There are 2 protein chains.
Amino acid sequence: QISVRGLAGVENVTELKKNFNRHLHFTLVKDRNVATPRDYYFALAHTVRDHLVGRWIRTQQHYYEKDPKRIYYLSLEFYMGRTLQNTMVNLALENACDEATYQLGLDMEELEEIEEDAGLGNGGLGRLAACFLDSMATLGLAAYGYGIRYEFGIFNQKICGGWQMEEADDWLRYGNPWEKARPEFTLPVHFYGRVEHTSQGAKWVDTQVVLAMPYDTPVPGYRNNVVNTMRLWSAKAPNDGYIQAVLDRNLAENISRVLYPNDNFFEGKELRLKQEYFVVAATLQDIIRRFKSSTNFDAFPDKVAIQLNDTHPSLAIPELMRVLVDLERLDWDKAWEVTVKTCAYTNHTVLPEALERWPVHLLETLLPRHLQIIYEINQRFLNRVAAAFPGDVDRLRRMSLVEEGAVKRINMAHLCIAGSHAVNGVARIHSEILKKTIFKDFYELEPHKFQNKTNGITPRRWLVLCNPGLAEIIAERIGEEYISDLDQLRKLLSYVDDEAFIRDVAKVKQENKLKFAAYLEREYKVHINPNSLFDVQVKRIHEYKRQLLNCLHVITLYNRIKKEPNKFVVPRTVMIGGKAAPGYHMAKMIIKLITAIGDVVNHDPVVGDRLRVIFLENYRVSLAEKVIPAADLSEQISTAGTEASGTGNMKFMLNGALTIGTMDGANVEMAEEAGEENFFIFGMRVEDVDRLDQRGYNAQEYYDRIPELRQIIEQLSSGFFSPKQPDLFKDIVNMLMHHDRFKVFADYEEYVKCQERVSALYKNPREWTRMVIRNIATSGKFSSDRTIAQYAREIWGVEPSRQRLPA
Amino acid sequence: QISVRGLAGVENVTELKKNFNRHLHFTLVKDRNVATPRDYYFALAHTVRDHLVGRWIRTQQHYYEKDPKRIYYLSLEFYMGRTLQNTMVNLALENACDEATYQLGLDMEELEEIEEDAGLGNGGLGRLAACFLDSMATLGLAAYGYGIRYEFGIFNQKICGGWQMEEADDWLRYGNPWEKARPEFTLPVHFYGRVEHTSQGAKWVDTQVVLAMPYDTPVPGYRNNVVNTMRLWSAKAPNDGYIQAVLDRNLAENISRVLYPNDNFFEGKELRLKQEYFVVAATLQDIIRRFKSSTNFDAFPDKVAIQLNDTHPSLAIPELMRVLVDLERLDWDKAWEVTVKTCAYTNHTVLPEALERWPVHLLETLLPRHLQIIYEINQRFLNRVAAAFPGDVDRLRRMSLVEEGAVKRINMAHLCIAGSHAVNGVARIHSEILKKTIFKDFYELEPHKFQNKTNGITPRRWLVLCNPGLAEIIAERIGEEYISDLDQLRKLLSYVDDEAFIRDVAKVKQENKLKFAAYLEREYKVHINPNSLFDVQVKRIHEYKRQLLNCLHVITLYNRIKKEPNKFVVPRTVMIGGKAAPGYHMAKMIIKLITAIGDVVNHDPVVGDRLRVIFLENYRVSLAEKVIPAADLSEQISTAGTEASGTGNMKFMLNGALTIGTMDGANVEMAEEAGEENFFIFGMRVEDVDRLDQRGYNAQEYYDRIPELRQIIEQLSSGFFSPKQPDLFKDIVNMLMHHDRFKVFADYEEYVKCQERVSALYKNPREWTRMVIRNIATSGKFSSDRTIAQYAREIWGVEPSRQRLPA
Ligand SMILES: CC(C)c1ccc(C[C@@H](C)C(=O)N[C@@H]2O[C@H](CO)[C@@H](O)[C@H](O)[C@H]2O)cc1
Ligand SMILES: CC(C)c1ccc(C[C@@H](C)C(=O)N[C@@H]2O[C@H](CO)[C@@H](O)[C@H](O)[C@H]2O)cc1
């Protein structure tokens, strides 16, 4: 039906139909008279999967013959979403399958909705890893993603009486057709035990053994016939009264059971540390085996790069040393040189409560040999510091990997900097913050280590797949090359005064809004005006992301309507969605507040359909793919200095929403690419936040001088939004008035004023749409293809390639 | 190569080859350069499985159209063994696959050895269920086997220093290609809670819910294109801090984790009771759904038969009542009539420690509604007893389902008799014992309930599959019809004087012995003389089976050799194998004793190769298929009255071994079919055992009057067989001398004398072989096809059929 979705060849359509029927009969063991839609989904999935494996086998064959340098991307999270549609898009099969399924009497979009998300991540860090795998395949790199095959991913969120309820995400219940178990590559991982010293060096003995069993998932590049591998490890007990011993096998297997859903506060939990070591130990053995099967580890850094996605896999550093020193008998200095040249570390946050600092006593018990290696690393590192800055004893204690105090801890970030040849932040302002504040000492010691790599998103999933209409009208004007070369979108600047294009952009958006408005009614039974401005804030719930500031704006609009009901205001649907970490009480209160505001606002006859507040339940990748194409306004309103980058921001920009935000994370580079006049910038800069901290932030001052703000706080305290429990929101008021680390009141006035400028522009459709074109046209820098090309050239030492492999 | 293995059509061989390559590439995601033998096995398994599913789908379709009466065979155990070869045999594909694999450069027999046993049973009861499924499919009955998909089957046995060690049988580790998960048919099962009474009857409330997820395995009949289903239930937690709640899901799922390996002593363990209820509750819901999808339960007994394999699924009785009364609102009397006409019960033992007697307090807590129904059943039953035998108060207490004492218990056998229209034993003498002793009261009340159904074995697995040589030379003379009509083997009586046949029988046996002798050396590195008589005792280790009596004979032979070294004796390899229940201390000592005797005997230069004693490790179905065709002598030496039937006995008879045994279980009918002169019968009959019990068994008497016996006991006590721990076997000596329930010494003299007659015959090959022919020729009655035809006609009310379904 549309051109970007590929050819529907008669031969191809015929072949797909017969393979579909083959799988329905032989794979699913069903016939057309009892098959459910779920069965039809699976028969299609298996049909599409068959087209991967030929390319999968020859890609891996190709890497064996050519032996290029291999990139190993280590992460505890891969937030993959659904695979079926992505795979069709990258193989150019979407229209053929559509035709083929239509001819069998089935609607393919209906079948697409049956697939579970692979929710093996929390948010931005996990989704970044998923975008990166896609870009790495698309750019022909010999790359492997390594992680854990969690049995339960991020919880499903239900809202019950306005409160978040968690329920287990049993995503493997019906099977996963994309994975292939590889039990023949099972590897042992050790825990506990103790260290013996001998003439022949140290030995780690009396250990408990857990098996790591790999499951491989294919990762197709965009129309280049490259298919890379994501290898995820599952935990299994070794095979050595009787009944209880068999039931106690569950204790080993609990390692890979569940994704840890805490994305705000570091907790020293043993089970988490076991997960970290497990993925690291199995991956490194696998890496080494692959390297040997092509004595001399001098060439290891020329054949292997290991990228550490935050500190979560930081134990790769002492594990590589353990293997090289204890098992392969390299001398310390040589092993260290190999380790540093092999490893690189990416930081994804500056909030101090988020840094991993493991208690020594845990490491002592679980990984006694690793603690020894860490102490040794620390001592040799601090000797280099002492020699470069003689007499600076304060620097020595600040830079130590060991932190003293009540409990001693290892700082995993310091470990990563010491053992890596490159350290990067994830947007320019974040990388500067790293150098100027929390890693300043390390930057002064080794300035050459520190780099920037601004994040990106894949334009396959985040434009072609989720917004086919937009991709199509773009392709009409400029062709299809932009999909793997997103800088070509600049060519759209020459259509900013073209009346037909202006009309098509606006129509795509409007169709997206109608489609989403319908979805809301169908799956969640309430109605919205699709002529309103769709004001959208979607991301995990955190105080730093300031969903509360949005809440304050919403109540301001409501109060202004009640004050002058018969005055005209631009109507709005305000949508906020996202999950809260289960232990994070304040985040859970914020969700309740949002639903509570909705309860009042949505049932006020005087408001009518001019203002609606919806909490979008169970935000996840599949829901992002629906709501982001329907958005007019993107809320990116974190306190300056707190959002390392953001990636949702880039998704909205690519899909035709305008952005209101602070000068934080990648927003800065986004406004720079589009021009500041085409972005709704407000609020304190990083410099202003600092000045406010020097002085002391006093929230009472703002309450005293802004009557509209005072009125909101009084409504909150008095029970206006919680009539049956007047004090429900006292924790929120109290935090805002006395304990607000993120200075919500300080940006309130400028935010509200900036929101008025948004409303003004929306009244003039033609000029709104013209500003949108200018955003879409300049969004090219934010392709993860750009990001990965920079990692490849400046960190990994490999050259990307856009050349096809033979089909 | 041989005729019974089917045609190797050029078309067929070509097709198998291409499908083999298809699965290797698309299913296993491998190429010929990295494939292991395990991969080749799987590609063949998937190739063969594809030929099942067409027939599977149309068989189940056929039953839907025709709606015959359905047979539901409920068992906690299905001891299936390997599936690949069985499936080829029943589909007539064995020679085609052999050819096809040979042409690909592979040896099919090598690939067959890679398959894991499905060891979902302990022994005779579990293997009987497996033979029965095969016969039911072969006879065209609409039959389903229902059980539990245990994650761990019967343990693997290792012998370490002569002691049994158990290790977990992780049989699903590499996947199971024969099963199909059916998550869409998942059903809820309830536990705990409490009973509320209302105007509208009883309600069972506040229950914990476990999900039952079915996995279907195909069961092919012999060359009739019928494919029945074995449905095995797996336990899953429902989807409703956070981390711990997710990890606690394992508690629900433990229900289906492990096969209970105790086959000697009843233990009231809650987890076992949960397994019993779980299989029962999910199966009954499934049965009812199937019945409704064709109000009126009057026709339920005309459409449904439920066979209870021992008392293990006895809760089907009160569960069917619960469903009919509480949920469908039938009145008690009508529901009871339906239940009795639907259910039938098979007893598989008379040892009192083996009967299930659950403590009331367990039922009270776990299944409070079921206890109520059981009390009500009991009261109405005992009113019928009182009315038939007025004033017989002693009868009332003997027949009660409730047993009083320290702890009150429910007798599950009494429950089964009360709620079933038929009760059967499993060999004629066993069924008579039921009527005369432990169920005498019940027989006097309802004599029409009591039947016999003598056990059998499937001649597909137990002749064609495991002894192709023998099957072939038989087919040369009499054709192939015998394979599904085993009575035709009688025609072989006319070849008992045929010199060529005599020679072929003896050659098959000899080739089987050489093949097995080789296997021993290869997988278990020690050597045996293949010209010796292979004296074999294989079965679970129990005191009643009297492996100890065999041990006493072996030591007698050894002592006679040492006394007269230069005298001639018929050389023997004595093989004993089997597993012991983990908690059964005496059985574990017997295994140690056997290995200990081996240690002395096998390293005595004076003995040479005239006597060897091997303990066959890890006896299981796949090992049975190897050792039984190689046997000359079958040891079936249980104390008269204790082995309900035996089935191993029948396997040996079919495969050309002579039997030495007591007049116990099916041995009685075997000797009757072959003629007593063609069987080595010795020992007390049931009547003699009784007389001895009246008098009092005093083992000292035998020790005092038999010098050879005294010498053995002295060797045992003094440490002859355990030099470094002289008292190791004091428990054994003490049991034999003072506490022997099974009267080992009482049969010693007659056993030893009977063993001399065996040796005498073996010296005359021609006459040995002539006796063998007479056994094989009369083994037809012991086909499970005969057994199942009798269940069908006399219990289930359905007619078997040998007619093909269309291919
Ligand atoms: C529990 C603790 C160890 C922990 C704290 C915080 C997090 C969340 C961090 C790692 C995260 O997701 N950071 C995000 O990374 C994205 C990809 O670089 C950025 O776009 C985003 O700005 C940043 O917050 C995970 C674990
Ligand atoms: C733990 C207790 C409940 C229990 C005791 C004994 C057993 C073993 C019984 C049930 C068994 O296997 N019996 C065998 O059944 C075979 C098939 O009918 C007979 O051939 C054999 O004689 C009999 O012992 C299982 C569980």
Side-chain angles (χ1 to χ4, degrees), chain A residues 76-77 79 121-129 131-132 260-267 269 272 276 309-312 346-351 353-357 412 424-427 430 453-455 457 539-540 542 544-545 581 638 642-650 664-666 787, chain B residues 76-77 79 121-129 131-132 260-267 269 272 276 309-312 346-351 353-357 412 424-427 430 453-455 457 539-540 542 544-545 581 638 642-650 664-666 787:
Chain A
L76 276 274
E77 305 185 22
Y79 204 166
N122 278 293
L125 169 155
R127 182 57 233 181
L128 190 76
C131 284
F132 277 12
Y260 183 70
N262 184 355
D263 68 335
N264 77 295
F265 200 79
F266 174 67
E267 295 173 312
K269 282 300 198 297
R272 172 61 170 191
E276 291 179 353
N309 198 23
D310 207 325
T311 55
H312 308 158
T346 306
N347 174 278
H348 299 267
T349 184
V350 301
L351 296 189
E353 67 278 20
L355 304 183
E356 293 194 288
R357 306 168 173 82
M412 307 310 274
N424 75 282
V426 288
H430 170 56
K453 294 289 170 284
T454 302
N455 280 169
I457 55 162
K539 54 191 67 248
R540 290 289 290 251
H542 295 265
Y544 86 84
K545 292 166 181 294
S638 54
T642 63
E643 191 70 87
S645 173
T647 51
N649 52 181
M650 300 164 190
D664 199 17
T787 312
Chain B
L76 276 274
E77 305 185 22
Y79 204 166
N122 278 293
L125 169 155
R127 182 57 233 181
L128 190 76
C131 284
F132 277 12
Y260 183 70
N262 184 355
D263 68 335
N264 77 295
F265 200 79
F266 174 67
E267 295 173 312
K269 282 300 198 297
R272 172 61 170 191
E276 291 179 353
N309 198 23
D310 207 325
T311 55
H312 308 158
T346 306
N347 174 278
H348 299 267
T349 184
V350 301
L351 296 189
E353 67 278 20
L355 304 183
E356 293 194 288
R357 306 168 173 82
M412 307 310 274
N424 75 282
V426 288
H430 170 56
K453 294 289 170 284
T454 302
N455 280 169
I457 55 162
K539 54 191 67 248
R540 290 289 290 251
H542 295 265
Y544 86 84
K545 292 166 181 294
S638 54
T642 63
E643 191 70 87
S645 173
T647 51
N649 52 181
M650 300 164 190
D664 199 17
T787 312

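Note that these values count all heavy atoms, side chains included, but never hydrogens, waters or copies made by symmetry. Lettering of chains follows the sequences in order, A, B, ..., and the numbering in each one begins at 1. Counting convention: from 1, in listed order, for ligands and their atoms alike.
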To check your reading of the model: name the closest protein heavy atom to [atom], its residue, and the distance in Å.
atom: atom 6 (C) of ligand 2; answer: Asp263(B) O, 2.9 Å
atom: atom 21 (C) of ligand 2; answer: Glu643(B) OE2, 3.4 Å
atom: atom 11 (C) of ligand 2; answer: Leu125(B) CB, 3.9 Å
atom: atom 1 (C) of ligand 2; answer: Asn262(B) O, 3.2 Å
atom: atom 2 (C) of ligand 1; answer: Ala354(A) O, 3.9 Å

(message) Could you check whether any heavy atom of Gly665(A) sits closer than 4.0 Å to an atom of ligand 1, since that is the contact criterion I want to use?
(response)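 False for this residue.
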(message) Tell me whether ligand 1 is touched by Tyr79(A) - counting only heavy atoms on the residue side and a distance under 4.0 Å.
(response)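 Outside the 4.0 Å threshold, so no.
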(message) What I'd like to find out is whether the side chain of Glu643(B) reaches to under 4.5 Å of the side chain of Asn649(B), using heavy atoms alone.
(response)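 Not touching, per the 4.5 Å side-chain cut-off.
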(request) Could you tell me whether the side chain of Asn309(A) reaches within less than 4.5 Å of the side chain of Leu76(A), counting heavy atoms only? (result)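 Sidechains of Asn309(A) and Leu76(A): no contact.
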(message) Between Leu128(B) and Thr647(B), does the side-chain contact (heavy atoms from CB on, under 4.5 Å) criterion hold? Intermediate values first, please.
(response) CA-CA 8 Å; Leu128(B) 190 76; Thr647(B) 51; 4.3 Å; yes
Please determine if [X] has a nitrogen or oxygen closer than 3.5 Å to a nitrogen or oxygen of ligand 1.
X: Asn264(A); answer: no
X: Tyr544(A); answer: yes
X: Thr349(A); answer: no

(message) Can you check which of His348(B), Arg272(B), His542(B), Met650(B) brings a heavy atom nearest to atom 14 (C) of ligand 2?
(response)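 Going through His348(B), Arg272(B), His542(B), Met650(B) one by one, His348(B) has the nearest heavy atom to atom 14 (C) of ligand 2.
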(message) So, regarding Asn455(B) and ligand 2 (criterion: nitrogen or oxygen to nitrogen or oxygen, under 3.5 Å), is there a contact or not?
(response)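 Between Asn455(B) and ligand 2, an N or O pair is found under 3.5 Å apart.
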(request) Please identify each residue that fulfils side chain to side chain donor-acceptor pair (under 3.5 Å) with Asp310(A), with sequence neighbours left out. (result)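 Counting only residues at least two positions away or on another chain, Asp310(A) forms no side chain to side chain donor-acceptor pair (under 3.5 Å).
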(request) Output, in order, the C-alpha distance, side-chain angles, deciding distance and verdict of side-chain contact (heavy atoms from CB on, under 4.5 Å) for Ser645(A) and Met650(A). (result) CA-CA 10 Å; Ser645(A) 173; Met650(A) 300 164 190; 3.8 Å; yes
What are the atoms of ligand 1, with element, lying closer than 4.0 Å to any heavy atom of [X]?
X: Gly124(A); value: 16 (C), 17 (C)
X: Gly646(A); value: 19 (C), 20 (O), 21 (C), 22 (O)
X: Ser645(A); value: 20 (O), 22 (O)
X: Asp310(A); value: 10 (C)
X: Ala644(A); value: 22 (O)

What distance separates [X] [atom1] from [Y] [atom2], expressed to the nearest 0.5 Å?
X: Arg272(B); Y: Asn262(B); atom1: CZ; atom2: CG; value: 8.5 Å
X: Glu356(A); Y: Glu276(A); atom1: CD; atom2: CD; value: 4.0 Å
X: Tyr260(A); Y: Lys269(A); atom1: OH; atom2: NZ; value: 6.5 Å

(message) Checking side chain to side chain contact (heavy atoms under 4.5 Å, CB included) between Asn264(B) and each of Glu353(B), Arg540(B), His542(B), which is the one that passes?
(response)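 By the side chain to side chain contact (heavy atoms under 4.5 Å, CB included) criterion, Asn264(B) pairs with just one of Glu353(B), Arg540(B), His542(B): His542(B).
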(message) Working note: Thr346(A) + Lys453(A), criterion side-chain contact (heavy atoms from CB on, under 4.5 Å); need CA distance, chi angles, decisive distance, verdict.
(response) CA-CA 9 Å; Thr346(A) 306; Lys453(A) 294 289 170 284; over 6 Å; no
(request) For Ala644(A), enumerate each residue passing the side-chain contact (heavy atoms from CB on, under 4.5 Å) test, keeping only those at least two apart in sequence or located in another chain. (result)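 Scan of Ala644(A) (side-chain contact (heavy atoms from CB on, under 4.5 Å), adjacent residues dropped) gives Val426(A), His430(A).
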